[PDB]
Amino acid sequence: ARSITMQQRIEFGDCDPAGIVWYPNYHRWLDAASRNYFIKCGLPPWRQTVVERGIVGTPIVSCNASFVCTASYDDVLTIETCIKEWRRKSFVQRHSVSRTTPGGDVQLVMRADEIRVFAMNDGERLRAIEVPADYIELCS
C-alpha cells in the first residue's frame, strides 16, 4: 500500500556487549517509523489530536517480528512502513528494515507487522476507537 521510508543511524549506545544492535532498539525505531508514517501522510501530531479529538496516539496490541541479520553502530537503516490492512478498530502496520552493503546490496535486517489501534484515554482507561474515516483517506 502507501509506503513511507525513513532512515535511522545506529549509534554505539544502541549496541550490546555482543557488538550488535540490542533488539528493543529496533522497537524504538519501528515506533518512530509508525508515527512518522502518519505524520508524513498528513495527520496532526498526537499533542493536537488529543485536544481536538481525544486521540492520544496508536498503541500497539500485537506484533510479529523476525530478525534476519545483525546490524551495528554506524550502519544506517532504511525503514519501509505501510498499512497492510484496515480493520474495524485496528490496523496492521508493516515495516521492513534493511541496510545497504557497500556492494550496494540491500540486506534485510528485520521485518515486523504491528497491529495497532487509534486510542483515547478515558481517564485512567485506554480505549480503542473505530479507525477514523478521515485517517484512512489521508493514509490511503
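Residue indices: 1-based, along the sequence shown.
Between 30-38 and 68-76, the higher mean Cα B-factor belongs to 68-76. Looking at mean Cα B-factors across 19-27 and 121-129, the upper value is held by 121-129. Note on the listed residues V106, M110, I55, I115: the highest Cα temperature factor in the record is that of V106. In the deposited entry, the Cα temperature factor of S96 places it in the middle third of its chain's modelled residues. Sort the chain's modelled residues by C-alpha temperature factor and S3 lands in the highest third, per the entry.
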